[PDB]
$ cat final_30.txt   # compact mmCIF, C-alpha atoms and all ligand atoms
# COMPACT_ATOMS: atom_id res chain seq x y z
CA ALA A 10 -48.77 -99.59 101.61
CA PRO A 11 -46.19 -97.23 103.24
CA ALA A 12 -45.45 -98.04 106.90
CA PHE A 13 -43.53 -97.16 110.08
CA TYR A 14 -42.41 -99.78 112.59
CA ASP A 15 -41.40 -99.83 116.24
CA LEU A 16 -39.44 -103.03 116.70
CA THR A 17 -40.07 -103.17 120.43
CA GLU A 18 -43.69 -103.80 119.34
CA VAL A 19 -43.01 -106.25 116.48
CA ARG A 20 -43.75 -109.73 117.84
CA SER A 21 -40.94 -112.26 117.49
CA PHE A 22 -41.03 -115.84 116.20
CA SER A 23 -38.58 -118.71 116.59
CA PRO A 24 -37.93 -121.00 113.60
CA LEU A 25 -35.44 -122.99 115.68
CA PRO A 26 -34.50 -122.96 119.39
CA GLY A 27 -31.90 -120.22 120.11
CA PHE A 28 -33.25 -117.87 117.44
CA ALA A 29 -35.74 -115.04 117.83
CA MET A 30 -36.77 -113.17 114.68
CA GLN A 31 -38.67 -109.98 113.96
CA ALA A 32 -39.44 -109.66 110.29
CA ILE A 33 -41.05 -106.81 108.35
CA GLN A 34 -41.46 -106.45 104.59
CA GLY A 35 -42.46 -104.36 101.62
CA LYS A 36 -43.02 -105.94 98.21
CA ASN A 37 -39.41 -106.75 97.25
CA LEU A 38 -37.58 -106.19 100.57
CA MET A 39 -37.70 -108.03 103.87
CA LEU A 40 -35.83 -106.87 106.98
CA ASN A 41 -35.30 -109.47 109.70
CA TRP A 42 -33.86 -108.73 113.17
CA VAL A 43 -32.31 -111.97 114.35
CA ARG A 44 -31.33 -112.40 118.01
CA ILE A 45 -29.15 -115.48 118.42
CA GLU A 46 -28.46 -117.00 121.84
CA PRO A 47 -24.84 -117.80 122.89
CA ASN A 48 -23.10 -120.88 121.40
CA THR A 49 -25.84 -121.54 118.86
CA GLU A 50 -25.53 -122.84 115.30
CA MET A 51 -27.51 -121.94 112.20
CA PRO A 52 -27.26 -125.09 110.01
CA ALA A 53 -25.88 -124.74 106.47
CA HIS A 54 -28.47 -123.72 103.84
CA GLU A 55 -29.03 -122.05 100.46
CA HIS A 56 -32.00 -120.18 98.96
CA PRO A 57 -32.71 -118.31 95.70
CA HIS A 58 -33.18 -115.08 97.69
CA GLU A 59 -30.31 -112.64 97.69
CA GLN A 60 -29.31 -111.83 101.27
CA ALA A 61 -27.36 -109.10 103.02
CA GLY A 62 -26.52 -108.76 106.70
CA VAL A 63 -25.57 -106.00 109.13
CA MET A 64 -24.08 -106.73 112.56
CA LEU A 65 -25.81 -104.80 115.35
CA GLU A 66 -24.63 -106.44 118.59
CA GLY A 67 -22.26 -109.22 119.65
CA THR A 68 -20.27 -111.65 117.53
CA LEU A 69 -21.09 -113.99 114.64
CA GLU A 70 -18.93 -116.56 112.86
CA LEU A 71 -20.22 -116.66 109.32
CA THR A 72 -19.29 -119.07 106.57
CA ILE A 73 -20.29 -117.94 103.07
CA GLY A 74 -19.04 -120.42 100.47
CA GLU A 75 -15.40 -121.34 101.15
CA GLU A 76 -14.81 -118.32 103.44
CA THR A 77 -15.11 -118.15 107.26
CA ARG A 78 -15.19 -114.71 108.87
CA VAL A 79 -15.82 -113.55 112.43
CA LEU A 80 -18.14 -110.53 112.32
CA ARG A 81 -18.78 -107.73 114.83
CA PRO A 82 -20.66 -104.38 114.77
CA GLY A 83 -19.10 -102.22 112.06
CA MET A 84 -19.30 -105.08 109.54
CA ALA A 85 -21.75 -106.15 106.84
CA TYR A 86 -21.92 -108.87 104.16
CA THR A 87 -23.68 -109.81 100.92
CA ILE A 88 -24.72 -113.31 99.79
CA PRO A 89 -25.89 -114.06 96.22
CA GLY A 90 -28.92 -116.29 95.77
CA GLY A 91 -27.91 -119.95 95.74
CA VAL A 92 -24.70 -119.60 97.78
CA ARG A 93 -24.26 -121.95 100.76
CA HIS A 94 -23.72 -120.44 104.21
CA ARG A 95 -23.88 -121.35 107.87
CA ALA A 96 -23.30 -119.46 111.10
CA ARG A 97 -22.58 -119.82 114.80
CA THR A 98 -22.32 -117.65 117.91
CA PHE A 99 -19.84 -117.74 120.78
CA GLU A 100 -20.28 -116.71 124.45
CA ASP A 101 -21.90 -113.30 123.81
CA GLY A 102 -24.51 -114.23 121.18
CA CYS A 103 -25.54 -111.60 118.63
CA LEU A 104 -28.12 -109.33 117.06
CA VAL A 105 -27.88 -109.24 113.28
CA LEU A 106 -30.09 -107.50 110.72
CA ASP A 107 -30.69 -109.83 107.77
CA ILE A 108 -32.09 -108.41 104.52
CA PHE A 109 -33.78 -110.48 101.80
CA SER A 110 -34.87 -109.76 98.25
CA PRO A 111 -37.46 -111.05 97.48
CA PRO A 112 -38.97 -111.64 100.95
CA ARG A 113 -38.78 -115.13 102.43
CA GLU A 114 -42.37 -116.40 102.23
CA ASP A 115 -41.91 -118.86 105.11
CA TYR A 116 -40.72 -116.08 107.48
CA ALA A 117 -43.57 -113.85 106.24
CA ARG A 118 -46.14 -116.45 107.37
CA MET A 119 -44.40 -116.96 110.73
CA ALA A 120 -44.26 -113.18 111.27
CA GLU A 121 -48.01 -112.94 110.50
CA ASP A 122 -48.74 -115.68 113.06
CA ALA A 123 -46.33 -114.41 115.75
CA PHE B 9 -22.18 -111.45 91.98
CA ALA B 10 -19.58 -112.79 94.45
CA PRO B 11 -20.08 -113.00 98.23
CA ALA B 12 -18.46 -110.01 99.93
CA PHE B 13 -17.65 -108.92 103.46
CA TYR B 14 -17.32 -105.26 104.41
CA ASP B 15 -15.71 -103.32 107.20
CA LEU B 16 -17.48 -99.93 107.36
CA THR B 17 -14.26 -98.16 108.43
CA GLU B 18 -12.89 -99.10 104.99
CA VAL B 19 -15.92 -98.15 102.88
CA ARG B 20 -15.29 -94.73 101.36
CA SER B 21 -17.73 -91.87 101.92
CA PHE B 22 -19.49 -89.65 99.39
CA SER B 23 -21.84 -86.69 99.62
CA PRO B 24 -24.71 -86.17 97.16
CA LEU B 25 -25.71 -82.88 98.82
CA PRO B 26 -24.33 -80.66 101.65
CA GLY B 27 -25.19 -82.09 105.10
CA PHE B 28 -25.25 -85.70 103.87
CA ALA B 29 -22.42 -88.22 104.13
CA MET B 30 -23.02 -91.68 102.69
CA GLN B 31 -21.40 -95.10 102.45
CA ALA B 32 -23.02 -97.53 100.02
CA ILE B 33 -22.47 -101.21 99.19
CA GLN B 34 -24.49 -103.49 96.93
CA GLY B 35 -25.06 -107.10 95.93
CA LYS B 36 -27.20 -107.25 92.80
CA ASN B 37 -30.80 -106.70 93.97
CA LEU B 38 -29.83 -105.07 97.30
CA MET B 39 -28.11 -101.83 98.22
CA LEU B 40 -27.19 -100.87 101.78
CA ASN B 41 -26.57 -97.18 102.39
CA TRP B 42 -25.35 -95.70 105.72
CA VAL B 43 -26.48 -92.08 105.73
CA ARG B 44 -25.17 -89.55 108.26
CA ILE B 45 -27.31 -86.40 108.22
CA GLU B 46 -26.22 -83.14 109.86
CA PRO B 47 -28.38 -81.34 112.45
CA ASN B 48 -31.27 -79.18 111.18
CA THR B 49 -31.01 -80.47 107.61
CA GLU B 50 -33.83 -80.98 105.12
CA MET B 51 -34.14 -83.78 102.59
CA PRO B 52 -36.22 -82.29 99.72
CA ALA B 53 -39.31 -84.28 98.65
CA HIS B 54 -38.59 -87.05 96.12
CA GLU B 55 -40.04 -90.23 94.64
CA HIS B 56 -38.05 -93.10 93.10
CA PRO B 57 -39.06 -96.31 91.32
CA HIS B 58 -36.75 -98.27 93.69
CA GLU B 59 -38.26 -99.75 96.82
CA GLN B 60 -36.78 -98.31 100.01
CA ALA B 61 -36.57 -99.35 103.63
CA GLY B 62 -34.72 -97.69 106.51
CA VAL B 63 -33.41 -98.52 109.97
CA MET B 64 -32.56 -95.80 112.50
CA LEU B 65 -29.07 -96.22 114.00
CA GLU B 66 -28.41 -92.93 115.87
CA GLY B 67 -30.23 -89.65 116.50
CA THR B 68 -33.63 -88.45 115.33
CA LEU B 69 -35.35 -88.20 111.93
CA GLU B 70 -38.73 -86.75 111.05
CA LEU B 71 -39.97 -88.72 108.05
CA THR B 72 -43.03 -88.01 105.91
CA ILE B 73 -44.25 -90.84 103.67
CA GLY B 74 -47.19 -89.95 101.42
CA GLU B 75 -49.77 -88.64 103.90
CA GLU B 76 -48.19 -89.69 107.22
CA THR B 77 -45.49 -87.95 109.29
CA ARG B 78 -43.57 -89.70 112.08
CA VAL B 79 -40.51 -88.92 114.20
CA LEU B 80 -38.11 -91.88 114.13
CA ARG B 81 -35.38 -92.86 116.62
CA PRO B 82 -33.16 -95.96 117.08
CA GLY B 83 -35.40 -99.00 117.57
CA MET B 84 -37.60 -97.90 114.65
CA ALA B 85 -37.79 -98.64 110.91
CA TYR B 86 -39.75 -97.65 107.78
CA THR B 87 -40.80 -98.96 104.35
CA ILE B 88 -41.45 -96.86 101.21
CA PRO B 89 -43.01 -98.49 98.11
CA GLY B 90 -41.64 -97.54 94.69
CA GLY B 91 -43.13 -94.27 93.44
CA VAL B 92 -44.37 -93.02 96.83
CA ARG B 93 -43.47 -89.41 97.68
CA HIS B 94 -41.41 -88.74 100.82
CA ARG B 95 -39.34 -86.08 102.53
CA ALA B 96 -37.42 -85.77 105.80
CA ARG B 97 -35.73 -83.41 108.25
CA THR B 98 -33.42 -83.67 111.25
CA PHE B 99 -33.36 -81.61 114.46
CA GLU B 100 -30.53 -80.63 116.86
CA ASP B 101 -28.91 -84.07 117.07
CA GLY B 102 -28.84 -85.09 113.38
CA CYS B 103 -28.97 -88.82 112.65
CA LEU B 104 -27.41 -91.99 111.28
CA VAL B 105 -29.86 -94.06 109.23
CA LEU B 106 -29.36 -97.29 107.32
CA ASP B 107 -31.23 -96.98 104.01
CA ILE B 108 -31.89 -100.12 101.96
CA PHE B 109 -32.79 -100.06 98.26
CA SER B 110 -34.11 -102.71 95.89
CA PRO B 111 -32.94 -102.56 93.21
CA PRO B 112 -29.82 -100.41 93.85
CA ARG B 113 -29.93 -96.65 93.24
CA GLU B 114 -27.88 -95.98 90.08
CA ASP B 115 -26.75 -92.51 91.16
CA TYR B 116 -25.51 -93.70 94.58
CA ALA B 117 -23.82 -96.74 92.99
CA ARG B 118 -21.82 -94.46 90.67
CA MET B 119 -20.87 -92.07 93.50
CA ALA B 120 -19.86 -95.03 95.68
CA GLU B 121 -17.63 -96.30 92.83
CA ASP B 122 -16.03 -92.83 92.49
CA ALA B 123 -15.71 -92.21 96.25
NI NI A 201 -30.03 -117.50 104.57
$ encode --input "final_30.txt" --output "C-alpha cells"
Amino acid sequence: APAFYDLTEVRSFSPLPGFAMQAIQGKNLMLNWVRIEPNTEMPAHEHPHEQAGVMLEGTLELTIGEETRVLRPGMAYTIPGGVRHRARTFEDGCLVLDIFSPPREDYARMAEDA
Amino acid sequence: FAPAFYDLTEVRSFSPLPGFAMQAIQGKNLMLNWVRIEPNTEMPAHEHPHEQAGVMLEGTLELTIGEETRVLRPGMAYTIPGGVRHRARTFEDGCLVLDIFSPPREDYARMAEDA
C-alpha cells in the first residue's frame, strides 16, 4: 500500500535509553530516524539485514568492521549484512537516518506499538 | 560487498534528464540517490519493479502515487511499492530529495559509474 508520512506525527519508540526511533517501512525497505542523546553508546552488533545510514544532524563515531570514522551531515555509509558495527555520540548527539533491507521485524513491532 | 563511507562532496553527479542532478551510491540491496530538481520541473509518470522510498531534504515536491496526490516538504517521507505508477512536479523553489531503491536501479547505477 502506497503511503505518505509526516515524521512530526510518527510516534517514537526507545529500544534503549538515549535512543528515540521513528521507523516506517514498505515491503523490502525500512527507514528509521534515530535521535541519539549526547555521549551515548550503541553496543556492538551484527544482523543479516543490509544497512545504510545518512547523517542528518550532529556527530556520530561509527565503527564498521576494523574502521572507525567520525561522521557529520554530508556523509553516508553502507554496511553489508553480517558485518559488526558499534557507534557513539559526543557532546552534541545526532540525528541519523538508518535504512534496512529487509525491514527489521523487531523495530516494526515496536513502531506498531509506539 | 565491502563496508563503505561516503562524503557527498566527493560523489560525482549525473543527469538522466534536463532539470535533474543526481548522486547515487549503493550497497547490494540498497541504493541511495540524492536528487536535486530544478524549479517548475515535471517528472513524467513511470512505474518500476524496484521498491522506492523518499525523504525530503530541501524545498517542495508535489508527488502523485497511484490515486493520491500530496505536497511534500522537509520533515516528510514517502513509500512506493514496486509496479505502482507515480509522477511528480516542483514549484518555484525546486527541491532536494533523498530517493532510496531496493534493489538498486540499474540505469542509475550505470550512470553513477560513468559520472
Ligand atoms: Ni545495525
$ residues_near_ligand --input "final_30.txt" --ligand "ligand NI 201 (chain A)" --cutoff "7 Å" --atoms "all atoms listed in the file" --output "short mmCIF file (atom, residue, chain, number, x, y, z; two decimals) with C-alpha atoms, in the coordinates of the input"
data_model
loop_
_atom_site.label_atom_id
_atom_site.label_comp_id
_atom_site.auth_asym_id
_atom_site.auth_seq_id
_atom_site.Cartn_x
_atom_site.Cartn_y
_atom_site.Cartn_z
CA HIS A 54 -28.47 -123.72 103.84
CA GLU A 55 -29.03 -122.05 100.46
CA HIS A 56 -32.00 -120.18 98.96
CA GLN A 60 -29.31 -111.83 101.27
CA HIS A 94 -23.72 -120.44 104.21
#
$ residues_around --input "final_30.txt" --residues "region 94-99 of chain B" --least-positions-apart "2" --cutoff "8 Å" --atoms "all atoms listed in the file" --output "compact mmCIF listing (two decimals) with C-alpha atoms, in the coordinates of the input"
# COMPACT_ATOMS: atom_id res chain seq x y z
CA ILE B 45 -27.31 -86.40 108.22
CA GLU B 46 -26.22 -83.14 109.86
CA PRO B 47 -28.38 -81.34 112.45
CA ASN B 48 -31.27 -79.18 111.18
CA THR B 49 -31.01 -80.47 107.61
CA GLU B 50 -33.83 -80.98 105.12
CA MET B 51 -34.14 -83.78 102.59
CA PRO B 52 -36.22 -82.29 99.72
CA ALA B 53 -39.31 -84.28 98.65
CA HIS B 54 -38.59 -87.05 96.12
CA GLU B 55 -40.04 -90.23 94.64
CA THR B 68 -33.63 -88.45 115.33
CA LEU B 69 -35.35 -88.20 111.93
CA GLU B 70 -38.73 -86.75 111.05
CA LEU B 71 -39.97 -88.72 108.05
CA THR B 72 -43.03 -88.01 105.91
CA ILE B 73 -44.25 -90.84 103.67
CA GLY B 74 -47.19 -89.95 101.42
CA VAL B 92 -44.37 -93.02 96.83
CA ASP B 101 -28.91 -84.07 117.07
CA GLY B 102 -28.84 -85.09 113.38
CA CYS B 103 -28.97 -88.82 112.65
$ closest_atom_pairs --input "final_30.txt" --of "chain A" --to "chain B" --cutoff "7 Å" --atoms "all atoms listed in the file" --output "tab-separated table"
residue	atom	partner	partner_atom	distance
A:10	CA	B:89	CA	6.8
A:11	CA	B:88	CA	5.2
A:12	CA	B:87	CA	5.4
A:13	CA	B:86	CA	4.5
A:14	CA	B:85	CA	5.0
A:15	CA	B:84	CA	4.5
A:16	CA	B:83	CA	5.8
A:17	CA	B:83	CA	6.9
A:35	CA	B:87	CA	6.3
A:37	CA	B:110	CA	6.8
A:38	CA	B:110	CA	6.8
A:73	CA	B:11	CA	6.9
A:83	CA	B:16	CA	5.5
A:84	CA	B:15	CA	4.6
A:85	CA	B:14	CA	5.1
A:86	CA	B:13	CA	4.3
A:87	CA	B:12	CA	5.3
A:88	CA	B:11	CA	4.9
A:89	CA	B:9	CA	6.2
A:110	CA	B:37	CA	6.7
$ atom_distance --input "final_30.txt" --atom1 "CA of residue 32 (chain B)" --atom2 "CA of residue 120 (chain B)"
5.9 Å
$ residues_around --input "final_30.txt" --residues "residue 33 (chain A)" --least-positions-apart "5" --cutoff "9 Å" --atoms "only C-alpha atoms" --output "short mmCIF file (atom, residue, chain, number, x, y, z; two decimals) with C-alpha atoms, in the frame of the given file"
data_model
loop_
_atom_site.label_atom_id
_atom_site.label_comp_id
_atom_site.auth_asym_id
_atom_site.auth_seq_id
_atom_site.Cartn_x
_atom_site.Cartn_y
_atom_site.Cartn_z
CA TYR A 14 -42.41 -99.78 112.59
CA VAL A 19 -43.01 -106.25 116.48
CA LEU A 38 -37.58 -106.19 100.57
CA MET A 39 -37.70 -108.03 103.87
CA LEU A 40 -35.83 -106.87 106.98
CA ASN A 41 -35.30 -109.47 109.70
CA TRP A 42 -33.86 -108.73 113.17
CA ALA A 117 -43.57 -113.85 106.24
CA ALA A 120 -44.26 -113.18 111.27
CA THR B 87 -40.80 -98.96 104.35
#
$ atom_distance --input "final_30.txt" --atom1 "CA of residue 50 (chain A)" --atom2 "CA of residue 64 (chain B)"
28.1 Å
$ atom_distance --input "final_30.txt" --atom1 "CA of residue 121 (chain B)" --atom2 "CA of residue 108 (chain A)"
22.2 Å
$ axis_aligned_box --input "final_30.txt" --around "region 96-107 of chain B" --padding-each-side "4 Å" --output "AutoDock Vina command-line options"
--center_x -32.4 --center_y -89.0 --center_z 110.5 --size_x 18.0 --size_y 24.7 --size_z 21.1
$ closest_residue --input "final_30.txt" --among "A:74, A:30, A:58, A:24" --to "residue 96 (chain A)" --atoms "all atoms listed in the file"
A:74
$ closest_residue --input "final_30.txt" --among "A:119, A:92, A:45, A:25" --to "residue 67 (chain A)" --atoms "all atoms listed in the file"
A:45
